[PDB]
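Down below is the structure, laid out as structure tokens.
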Amino acid sequence: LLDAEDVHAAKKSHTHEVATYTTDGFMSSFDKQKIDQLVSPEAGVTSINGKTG
Amino acid sequence: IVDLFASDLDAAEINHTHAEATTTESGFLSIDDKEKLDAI
């Protein structure tokens, strides 16, 4: 009798972990809740007295 | 884009004076006092 482990294959139901700063993958549920309501404006101060950084 | 100075920073300017010294508060020496001291 053979199943996915013997043939060295992924299971029918399986997960690929989340995507990190250096690795790909899924997105955490928190990430999905963040992106949909995420808005474009971030404002801030662009330059003071002709100097940035 | 915003510009700030010493006055905007509630700070004293580089080229600023001070209140003349009196009998109750210290400060800069008055011209008349300096002239009197020189003449004495």
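Following the order of the structure tokens, chains are lettered A, B, ..., residues in each are numbered from 1, and ligands are numbered from 1.
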
_Env of residue 48 in chain A: 12 Å cut, atoms = only C-alpha atoms, seq-sep filter 6 positions within chain, self excluded. Answer as a count of residues only._
5

With chain B as the partner and 9 Å as the cut-off, tabulate the residues of chain A that qualify, each row holding the nearest pair of atoms and their distance in Å to one decimal, using only C-alpha atoms, sorted by chain and rising number, as CSV.
```
residue,atom,partner,partner_atom,distance
A:45,CA,B:1,CA,7.3
A:46,CA,B:1,CA,6.6
A:47,CA,B:1,CA,5.2
A:48,CA,B:2,CA,5.5
A:49,CA,B:3,CA,5.3
A:50,CA,B:1,CA,8.0
```

For the residues in the current selection, export C-alpha atoms as a PDB file, in the first residue's frame.
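Once written, again_11.pdb looks like this:
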```pdb
ATOM      1  CA  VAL A  45       8.138  65.731   6.149  1.00  0.00           C
ATOM      2  CA  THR A  46       9.847  65.799   2.757  1.00  0.00           C
ATOM      3  CA  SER A  47      12.509  68.478   3.308  1.00  0.00           C
ATOM      4  CA  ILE A  48      13.580  70.954   5.995  1.00  0.00           C
ATOM      5  CA  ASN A  49      15.841  73.934   5.211  1.00  0.00           C
ATOM      6  CA  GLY A  50      16.903  72.374   1.920  1.00  0.00           C
TER       7      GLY A  50
END
```

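Here CA of residue 31 in chain B stands at a distance of 18.7 Å from CA of residue 15 in chain B.
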
*Out of chain B, which residues get helix (DSSP H, G or I) from DSSP, as an MDAnalysis selection string?*
chainID B and resid 31:39

Can those selected residues be exported to a file as a PDB file, in the first residue's frame so that it contains C-alpha atoms?
```pdb
ATOM      1  CA  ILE B  31      27.310 103.351  27.713  1.00  0.00           C
ATOM      2  CA  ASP B  32      26.925 106.040  30.383  1.00  0.00           C
ATOM      3  CA  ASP B  33      28.350 103.742  33.067  1.00  0.00           C
ATOM      4  CA  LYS B  34      31.349 102.908  30.870  1.00  0.00           C
ATOM      5  CA  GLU B  35      31.963 106.598  30.148  1.00  0.00           C
ATOM      6  CA  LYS B  36      31.734 107.458  33.853  1.00  0.00           C
ATOM      7  CA  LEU B  37      34.159 104.656  34.741  1.00  0.00           C
ATOM      8  CA  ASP B  38      36.606 105.807  32.055  1.00  0.00           C
ATOM      9  CA  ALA B  39      36.395 109.442  33.184  1.00  0.00           C
TER      10      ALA B  39
END
```

*Could you jot down the CA of residue 38 in chain A to CA of residue 19 in chain A separation for me, Å, one decimal place?*
18.6 Å

*In Å to one decimal, how far is CA of residue 25 in chain A from CA of residue 10 in chain A?*
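CA of residue 25 in chain A lies 15.4 Å from CA of residue 10 in chain A.
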
*Within 9 Å of residue 29 in chain B, counting only C-alpha atoms, which residues show up once you throw out same-chain ones fewer than 5 positions away? Write them as JSON, numbers by chain, please.*
{"B": [19, 20, 21, 22, 34]}
